[PDB]
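Everything on this sheet refers to the single structure shown next.
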Amino acid sequence: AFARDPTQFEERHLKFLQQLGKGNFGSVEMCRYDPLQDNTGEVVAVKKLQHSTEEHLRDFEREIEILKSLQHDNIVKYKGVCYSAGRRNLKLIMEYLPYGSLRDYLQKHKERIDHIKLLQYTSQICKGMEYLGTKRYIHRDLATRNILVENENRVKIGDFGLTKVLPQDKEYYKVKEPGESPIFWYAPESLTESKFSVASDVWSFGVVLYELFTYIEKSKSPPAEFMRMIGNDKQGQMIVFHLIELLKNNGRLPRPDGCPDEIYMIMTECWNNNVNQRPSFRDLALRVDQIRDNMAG
Ligand SMILES: CCS(=O)(=O)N1CC(CC#N)(n2cc(-c3nc(Nc4ccc(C5CCN(C)CC5)c(F)c4)nc4[nH]ccc34)cn2)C1
């Protein structure tokens with residue numbers, strides 16, 4: 001049976017407006033749902049597959065179930081599913097967030113975004129991740145490209161395409177054949193053992209914190225910095241081999257220009273090779289909110 005109500009979003013009233021994002025295996029479009037053909041039509045975001053397969057459709061159904069199960073201020077809102085092509089295809093309907101990805105927003109508006117604002121965003125991402133952990137979901141793709149901006153005071157985790165549910169009797173998920181792997185955000189045990197956990201999401205959150213404090217300045221991204229350290233001329237698996245060796249022996253992304261030492265210390269604590277010594281998302285949210293609260297000028 002259809003996982004969701006197939007009459008809620010009928011394909012003939014869903015009208016394409018603009019492309020919002022696109023990758024090799026999915027895209028998000030801005031559409032208008034206008035069942036009354038009148039001004040009573042809401043703008044929505046629609047995720048669809050690209051280069052679909054039976055495997056990818058099965059994974060997409062799991063992703064939709066994940067998103068529908070989540071209800072939190074810092075997670076993008078599920079609205080429904082459109083069973084298009086005569087109920088022989090699936091598209092995911094979500095709220096439209098007007099300011100787009102945090103990665104682009106930081107670049108466009110860096111001149112109005114100070115440290116306390118970056119820490120507000122950090123707090124909100126952490127709270128979304130606390131919530132995901134209560135469901136035993138591992139996000140596996142935390143990065144500013146996957147955070148969305150509702151307004152100047154509110155961000156939300158925006159995509160769950162790589163999210164996995166932990167098995168019942170263990171605290172890690174072992175990925176067999178990876179698809180897209182954002183290796184410059186990965187914890188060392190994900191690179192060396194294919195193991196993903198709440199603690200590897202904490203590692204990647206440290207990379208997100210780094211990204212925020214770089215303001216996505218040219219040449220400061222995690223891939224650009226890790227490649228500068230490894231050697232730009234390298235290529236292929238040798239890059240991964242060097243990345244593993246670098247991380248195992250305490251090589252790390254640098255402190256961004258202007259970043260306070262206390263915030264860099266949070267990043268470095270997330271980037272602990274000892275999985276069990278990494279802070280929890282609860283620890284991080286409290287620490288960041290206390291930092292913000294103790295600021296006044
Ligand atoms: C790679 C596989 S993917 O394509 O499926 N993937 C998912 C992916 C990454 C994540 N999360 N994504 C998601 C969305 C998305 N965007 C929006 N609003 C929006 C508004 C405005 C602009 C811009 C702004 C400024 N510029 C210059 C022009 C228009 C915008 F870009 C988006 N609302 C959304 N609600 C739900 C999802 C979503 C967007 N990208 C990417």
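Note that we place each Cβ from the backbone using ideal geometry, even for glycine, and neighbour counts take in every protein chain shown. Rule-based calculations on the coordinates, nothing more; no lab input.
See the values below:
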item	result
Spin-label pair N24/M229, simplified geometry with 7 Å Cα→Cβ offset, distance in nm	2.5 nm
Mean ellipticity per residue at 222 nm, deg cm²/dmol - from DSSP H runs of n ≥ 4 across the chain, formula -39500 (n - 2.57)	-11500 deg cm²/dmol
DSSP-loop GluC sites (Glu not before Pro) across segment 1-109, with at most 13 other Cβ within 10 angstrom	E10
GNM top mover of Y131, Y83, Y96 - the chain, alpha-carbon springs below 10 Å	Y83
Most mobile listed residue (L36, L57, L102) in the chain, GNM with C-alpha springs under 10 Å	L36
Using a Förster distance of 41 Å, the FRET efficiency for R58-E262 (Cβ separation, nearest 0.05)	0.40
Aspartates and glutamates with Cα under 12 Å of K176, excluding same-chain neighbours fewer than 8 positions away	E193
Spin-label model distance (nm) - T40 vs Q107, 7 Å beyond Cα toward Cβ	4.2 nm
Computed E for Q168/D293 - FRET, C-beta separation, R0 41 angstrom, nearest 0.05	0.60
³J(HN,Hα) computed for each position of segment 56-70 - Karplus, 6.51 cos²θ - 1.76 cosθ + 1.60, integer Hz, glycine/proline x	5, 4, 4, 4, 5, 4, 5, 4, 4, 4, 4, 4, 5, 6, 9
Segment 196-267: trypsin sites (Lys or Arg not before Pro) falling in loop per DSSP and having at most 14 other Cβ within 10 Å	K218, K234
Estimated FRET transfer efficiency (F2, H51; beta-carbon r; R0 25 Å; 0.05)	0.55
On Cα atoms only, tilt of 198-214 relative to the major axis of the chain in degrees	80 degrees
Segment 102-291: Cα Rg divided by the 2.2 N^0.38 Å rule of thumb	0.98
Cβ-based net charge around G133, under 14 Å, with every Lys or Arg adding one and every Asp or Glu removing one	+3
For the chain: relative contact order, % (alpha-carbon pairs under 8 angstrom, 6 or more apart)	15 percent
